[PDB]
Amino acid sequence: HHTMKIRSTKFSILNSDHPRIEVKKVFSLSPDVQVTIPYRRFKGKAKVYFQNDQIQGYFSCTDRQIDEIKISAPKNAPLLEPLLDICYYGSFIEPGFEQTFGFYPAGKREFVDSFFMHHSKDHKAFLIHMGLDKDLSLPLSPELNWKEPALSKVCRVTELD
């Protein structure tokens, strides 16, 4: 049906220029040794509602770039894992889609599992994707905790109206 799920986070497309498209990415060591690991992404604009338990909101993207995220969440909620679900959903950060994790992948299952392991341990890819701001009135801390105090904040992540 319409709603789709990445881990525990449900996604529902509000509107989009096109349906999600599939990229049949191929990784190779030699002609005889190569895996096909496809991923899905957006072509053009998209606005998508998401929800994970006490956390909900929506985000806007253009192709493989997040334009904005609006979130509603409890104070001091750790937003690491659901944000990664969004990142995977749109294939917004590497490695995990066009790049490997520093070693030739075993297959689809391994590649997806590697994504969440790798980026949980080190999530700067996301910070680079959004940007870090000097404005403190913004809600999301660099450690990706909701409304946590900090000397800098994550760009273009605000609170839902």
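Don't overthink the numbering: it's just position in the shown sequence, from 1.
Engineer: Select between 147-155 and 5-13 the stretch whose C-alpha atoms have the higher average B-factor in the entry.
Structural biologist: On average, C-alpha B-factors are higher across 147-155.
Engineer: If you average the CA temperature factors as listed in the entry, which stretch comes out higher, 115-123 or 66-74?
Structural biologist: The entry gives the higher C-alpha B-factor average to 115-123.
Engineer: Please work out which residue in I37, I55, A46, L136 has the highest C-alpha B-factor recorded for this crystal structure.
Structural biologist: Top of the list by C-alpha B-factor: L136.
Engineer: Looking at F97, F59, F42, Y104, which has the highest Cα B-factor in the entry?
Structural biologist: So the option with the highest C-alpha B-factor is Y104.
Engineer: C87's Cα B-factor: lowest, middle or highest third of the chain?
Structural biologist: Answer is lowest: the recorded C-alpha B-factor places it there.
Engineer: Using the B-factors in the PDB entry, rank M130's C-alpha atom against the chain and give the third, lowest, middle or highest.
Structural biologist: Answer is highest: the recorded C-alpha B-factor places it there.
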